[PDB]
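One chain comes next, on its own, written out as structure tokens in the form deposited in one PDB entry.
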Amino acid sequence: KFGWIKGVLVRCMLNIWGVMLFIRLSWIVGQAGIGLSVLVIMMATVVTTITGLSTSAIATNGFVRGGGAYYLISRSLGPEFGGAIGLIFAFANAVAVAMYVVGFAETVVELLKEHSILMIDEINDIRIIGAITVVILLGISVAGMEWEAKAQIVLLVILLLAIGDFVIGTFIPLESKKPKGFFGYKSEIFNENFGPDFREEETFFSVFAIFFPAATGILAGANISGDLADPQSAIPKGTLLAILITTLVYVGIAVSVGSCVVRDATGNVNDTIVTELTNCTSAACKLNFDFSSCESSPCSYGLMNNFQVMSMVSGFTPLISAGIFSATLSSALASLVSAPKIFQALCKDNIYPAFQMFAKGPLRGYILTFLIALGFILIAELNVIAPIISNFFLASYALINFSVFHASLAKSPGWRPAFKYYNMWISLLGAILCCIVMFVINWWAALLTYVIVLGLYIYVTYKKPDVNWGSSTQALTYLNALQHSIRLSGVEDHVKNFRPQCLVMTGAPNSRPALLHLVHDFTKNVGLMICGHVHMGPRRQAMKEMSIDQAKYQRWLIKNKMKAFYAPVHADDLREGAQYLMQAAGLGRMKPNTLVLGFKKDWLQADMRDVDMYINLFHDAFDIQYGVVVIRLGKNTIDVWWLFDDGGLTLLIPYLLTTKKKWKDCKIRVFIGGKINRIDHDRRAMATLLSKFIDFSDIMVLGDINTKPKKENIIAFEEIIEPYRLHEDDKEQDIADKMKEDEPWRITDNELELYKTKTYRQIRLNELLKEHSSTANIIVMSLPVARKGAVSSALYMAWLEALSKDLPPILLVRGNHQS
């Protein structure tokens, strides 16, 4: 709504123009020459303008919401890059507050000192002034924000008036100021000052580090507003014009003041000499006064001895002092307002669990910024505070540049910048340049910040995959999931690599959570697991019914650490819903390949037409070549049994179960029955086969299964199966037919006589399980197959019941006959 001139340009100029303009720029152009100071300014401008290009490319995506720098970085790029940059930038602003207020306090200290007033000491006076100013600025930061927009332009015009006052006063040389080194545009002085004169321990990159804060603040200005009209258009123009204007002004002032004042001089109005020109080495040869003592012994005034040379050279000192005040305070306030906001946004997004508290809306953010600022203000020296802010802001800018380059390098799903002059290789160059300069200024601090950065990046990317942590950009999650699924579909598995992709169908999802938990146990990071539910009734209400049920069951599953996808369906009967889930559900390679059906607990009482369709589900699944699993219900062991191996799924499942922590204590015992003569050969061959795939200790072989079982179990079988026996032998054929055609689902007696052997052997198998595997936590066998049409459903399920009569947890697993 603001526009761009009042929304970015003004904000960026007031954030950029800070302490260094009117305090250390003279000192910097004194230490180094005009040439290397201009090179310093150009280096800073190059770093800031490359970062400006990267930011403009960031801000031209369609994600234009919220209104905060961290918001743009997080929503356009990954959450982890967003979090890292947000935290580091928040800290950088928290310390920049201290820098600006310390500069202001130093100015007030000197201003009082030149007068009669004074306090206990310079350093302690700086501490007191900085603390009180920080208190006042924070107090303003939460109340007077309704006036900052009005006062913004006033501050900028006052700052510009101060710059104009300095430049105008430059052109008016006076004899009063001449002792202090202010001569005025003399080619001898320009020649003297053009060369480096690093006097104290400082070097090139020390002055570069002390100056860089003169160019930091491009993001802090406008991007954090994000409430502009057409943010896709305000930011790229505003930032890239603010940078140009500020750099031009900096270079102009540097060259001018370097060409206007001599390196060091004293305030002695005497010392004027015209007597001799013996040496006249100094650039003050016109007079030369007696600055030889100044260069040989300590002297107060000069270019380097005192930093407020701009105050003296100016025509009017109150105006330039007001300029310094405004330049420091505006940027201090901007930083102290932009740090807690990022802290609060980070807390709300809850990227870092330690920072999960927002103080009920953001006392935590203000308290952190205040404590960091006050802690650093206790250092009352500015040439030692400037480098650490330089390091933190180079860290932020390097991270932004590399993040943009990386999001472009990997064709990220939601990275279409739509900007001109944004080549990603330039961004990579900016990143490496920032890192190298960070290291050259101070290698160990750069190392420390970068290990912190890498730790944060890895921690966020990997150690937090669970809930997405309040990410409003669930659209980016959708895009990433779509890309992942597309990539998986593209990858064609010539070898199927059969993984457990279950389709668990039970009816009421919450009736038997035990089956779901057991399925969870062997479906951890190995394959898919889709629930199922067929909903009967009119479609009009059913639409709302599944609309609610999908949500309710999916988050009920999620809260149980369940990787469950709910797949509700509407059908005229259970079999139709089974078919719908069976043939359609599953995208690309995530196609379910196993059907896990919950066993009927009380089929005795329920009408057995339902039994018929529940059993026909087995044939329907088999006809499509689905592995069939049926379930019925650490301290003990496990038992695995089978009569055949078709794909090894029956053997593979317990291996998957044991690998988990809960079942780690449990152990698998092999339980089979083979030829009595070939017990040793079969045992050795199967032990070798298992070893080829899985440790084992014992292999029980029960080759006696062929003979008839005990009388009691057989009897119980007949008193189980009698009610639906055809009675074809007992009744008359034609008389029986009147029941057969209208009741064709009766237990086929002819099958009973034909399948006596199957009944006997399966009953004996159940018995042997009873004696042997009673103590096992869970038992596993191969699910018997009854051919369609040849065998009635009722007989098959009677066989199943006899197989699973009064036993601990029991599973029946048959593979799909595919390797």
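Here the rigid core means the biggest group of C-alpha atoms that line up within 1.5 Å when the two forms are laid on top of each other. When you see a residue number, it is the position in the sequence shown, counting from 1.
The discussion below concerns the form solved in complex with a small molecule, not included here.
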Residue within 4.5 Å of the small molecule in the entry with it bound by heavy atom, from 746, 178, 512, 683, is 512
Checking 533, 520, 341, 669 against the small molecule in the entry with it bound, the residue with a non-hydrogen atom inside 4.5 angstroms turns out to be 533
**Asked** Contact between residue 505 and the small molecule in the entry with it bound at 4.5 Å, heavy atoms?
**Response** yes
Is residue 301 close enough to touch the small molecule in the entry with it bound, meaning at least one heavy atom pair within 4.5 Å?
no
Does residue 568 make contact with the small molecule in the entry with it bound, using a 4.5 Å heavy atom cut-off?
-> no
Open item on the list: When the contact criterion is heavy atoms within 4.5 Å, does residue 597 count as touching the small molecule in the entry with it bound?
Closed with: yes
Partner contact check in the entry with it bound: of 598-606, 166-174, 341-349, 72-80, the stretch with a heavy atom within 4.5 Å of the small molecule is 598-606
Of 739, 432, 700, 440, Cα shift of 2 Å or more between this form and the one not shown on rigid-core superposition seen only for 739
task: Would you tell me if residue 662 moves between this form and the one not shown by 2 Å or more at its C-alpha, with the rigid core held superposed?
output: no
Rigid core superposed: residue 561 CA moves 2 Å or more between this form and the one not shown: no
Yes/no, residue 470 Cα shift of 2 Å or more between this form and the one not shown with rigid core fixed:
yes
Against the displayed form, residue 453 vs residue 64 by Cα, in the entry with it bound, with 3 angstroms or more change: pair is farther
